[PDB]
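This report refers to the structure that appears directly beneath it.
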Amino acid sequence: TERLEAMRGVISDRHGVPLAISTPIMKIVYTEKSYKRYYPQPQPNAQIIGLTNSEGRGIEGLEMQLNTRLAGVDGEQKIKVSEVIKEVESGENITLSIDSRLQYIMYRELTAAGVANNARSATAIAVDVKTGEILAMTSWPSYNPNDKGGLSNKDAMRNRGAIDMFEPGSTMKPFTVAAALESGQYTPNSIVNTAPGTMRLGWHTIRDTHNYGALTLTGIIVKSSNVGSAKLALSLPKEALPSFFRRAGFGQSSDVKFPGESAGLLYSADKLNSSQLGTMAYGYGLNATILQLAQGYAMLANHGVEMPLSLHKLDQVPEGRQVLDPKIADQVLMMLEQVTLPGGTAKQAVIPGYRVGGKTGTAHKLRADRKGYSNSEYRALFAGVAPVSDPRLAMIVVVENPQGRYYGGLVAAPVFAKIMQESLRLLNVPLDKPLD
């Protein structure tokens, strides 16, 4: 009697492009047939797909997670030729939500941004706002799983997007404003005094980039006022923000439930303090992931309907979660478009032919000697949506420890412009902005 090795299932992209395949291999008297795993699009897909053992077992990513479905069942055959004791059962073929072309484009630009910025890493995600499908999710630096030598687990192995949590910063501002709009205390045109560009929250003092004076709720977003944001928190009921942020998906891991996925950090209003609630308003007394960020912006661009995040191609269309009223979501959407226009703080996110709506952010490390916030250690963030008239894609870009042209989040904005434009054209999304 001899074993009959089950061919491991094919992992493919949404259009059937093979991403993980198995090829017959022989051991030499008699022969022994085994299978060798091969990854045709290596570096862009490695952190999501993972890797197998010498034995053929998944030890990382989706190879690990979906190992029982992908491995199948080994057969048995009597030892001359040929009579089966137990029939062979091939592993299940898996089709992902991922578009390998969008994946290739995202990885290529993430490398360009990481090299130009002498960064520690550059991570991104693209989601179909209407379906909840992840079309691209990659991180630079990645690795080649087909190669057996060397390796660096410490960073490259290692889905950063799913495992890394950070303070969202200004990327939180549109959710703070959405909480203020739903309270019925405010309208987009409602005024908040931000003079003289500073404000005190206990022994902590908050500053804006400039004295923006009296701002509307739309102005809080467009000028990215930390003062306006904190003042909104102060005027609202104590429960307002932690409760709206919980309904938006923060403080909990996403529907993907990727191995090792972070849930972020979000405290309830009972864990107290008005000045701590003042800090949450501009994204500081809380931790988020790129997945929670992507799902929140996809919601804002899908008439307040948060579609469940998925790494698998759909064979049912979910109804989604109605987190916000459609009028509020549309209002916030309109404020995000204005951030990219003259007078705005996200002008470098602009794409010709496509109306863009988004927000920059900066996530600063606390600093070892506790002498304020670190100027070197920080994440440049960009959360955006396009085309604004009928949004198709939500995209988050995170650049770790950049040393480039701009200080702060602005560094992640032209990276988004690049990926979003090429991604919308590849999907053949019709233009919605007059060309000049």
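Identifiers in this document derive from the order of the structure tokens: chains are assigned A, B, ..., residues are numbered from 1 separately in each chain, and ligands are numbered from 1 in order of occurrence.
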Per residue of region 141-239 of chain A within 8 Å of region 285-307 of chain A, record the nearest atom pair and its distance in Å to one decimal, counting only C-alpha atoms, with rows in chain order and ascending residue number, as a Markdown table.
```
| residue | atom | partner | partner_atom | distance |
| --- | --- | --- | --- | --- |
| A:161 | CA | A:290 | CA | 5.7 |
| A:162 | CA | A:289 | CA | 6.6 |
| A:163 | CA | A:289 | CA | 7.6 |
| A:164 | CA | A:289 | CA | 6.3 |
| A:165 | CA | A:289 | CA | 4.8 |
| A:166 | CA | A:287 | CA | 4.8 |
| A:167 | CA | A:287 | CA | 4.5 |
| A:168 | CA | A:288 | CA | 6.0 |
| A:171 | CA | A:293 | CA | 7.9 |
```
Expected answer as an MDAnalysis selection string: helix (DSSP H, G or I) residues in region 85-236 of chain A
chainID A and resid 100:116 153:156 160:163 169:171 173:182 217:222 226:235
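Atom to atom, CA of residue 308 (chain A) and CA of residue 255 (chain A) stand 6.1 Å apart.
Closest approach to residue 107 (chain A) from the set A:397, A:241, A:199, A:16 is made by A:397, with distances taken over only C-alpha atoms.
Between residue 176 (chain A) and the candidates A:38, A:45, A:332, A:25, the tightest atom-to-atom separation, counting only C-alpha atoms, involves A:332.
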Enumerate the residues of region 43-93 of chain A with a DSSP assignment of strand (DSSP E or B), computed from the backbone, and present them as JSON, numbers by chain.
{"A": [52, 58, 73, 75, 76, 77, 78, 83, 84, 85, 86, 89]}
Please, could you write that set of residues out with N, CA and C atoms as a compact mmCIF listing (two decimals), in the first residue's frame?
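result-v1.txt, freshly written:
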```txt
# COMPACT_ATOMS: atom_id res chain seq x y z
N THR A 52 3.52 27.89 2.28
CA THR A 52 3.38 26.50 2.71
C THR A 52 4.68 25.94 3.31
N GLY A 58 -0.06 25.04 4.89
CA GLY A 58 -0.05 26.49 4.98
C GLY A 58 0.45 26.92 6.35
N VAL A 73 -8.19 15.78 0.54
CA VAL A 73 -8.00 14.51 1.24
C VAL A 73 -7.11 13.55 0.43
N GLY A 75 -5.50 10.08 -0.87
CA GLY A 75 -6.02 8.76 -1.22
C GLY A 75 -5.07 7.64 -0.83
N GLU A 76 -5.52 6.38 -1.00
CA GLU A 76 -4.77 5.16 -0.70
C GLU A 76 -4.86 4.17 -1.87
N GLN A 77 -3.72 3.58 -2.25
CA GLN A 77 -3.63 2.64 -3.37
C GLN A 77 -2.73 1.47 -3.02
N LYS A 78 -3.17 0.24 -3.35
CA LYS A 78 -2.42 -1.00 -3.13
C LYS A 78 -1.24 -1.10 -4.10
N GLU A 83 -4.77 -0.37 -8.01
CA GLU A 83 -6.08 -0.51 -7.36
C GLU A 83 -6.25 0.34 -6.10
N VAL A 84 -7.24 1.26 -6.11
CA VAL A 84 -7.50 2.20 -5.01
C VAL A 84 -8.27 1.64 -3.80
N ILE A 85 -7.79 1.96 -2.59
CA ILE A 85 -8.40 1.62 -1.30
C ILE A 85 -9.33 2.80 -0.92
N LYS A 86 -8.82 4.04 -1.07
CA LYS A 86 -9.55 5.28 -0.82
C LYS A 86 -9.24 6.26 -1.95
N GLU A 89 -9.08 13.11 -3.29
CA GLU A 89 -9.95 14.29 -3.32
C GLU A 89 -9.08 15.53 -3.43
```
Using only C-alpha atoms, which residues sit within 12 Å of region 313-324 of chain A once same-chain residues fewer than 2 positions away are excluded, as number ranges by chain?
A: 11-16, 94-99, 128-135, 175, 177-183, 243-249, 255, 295-311, 326-332
Residues within 9 Å of region 214-230 of chain A, please, as a ChimeraX atom specification. Count only C-alpha atoms; anything in the same chain fewer than 4 positions from it doesn't count.
/A:170,173-174,176-177,180-181,186-195,197-199,201,206-210,234-235,275,277-282,331-332,334-341,343-346,359-360
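Atom pair CA of residue 60 (chain A) / CA of residue 112 (chain A): separated by 26.4 Å.
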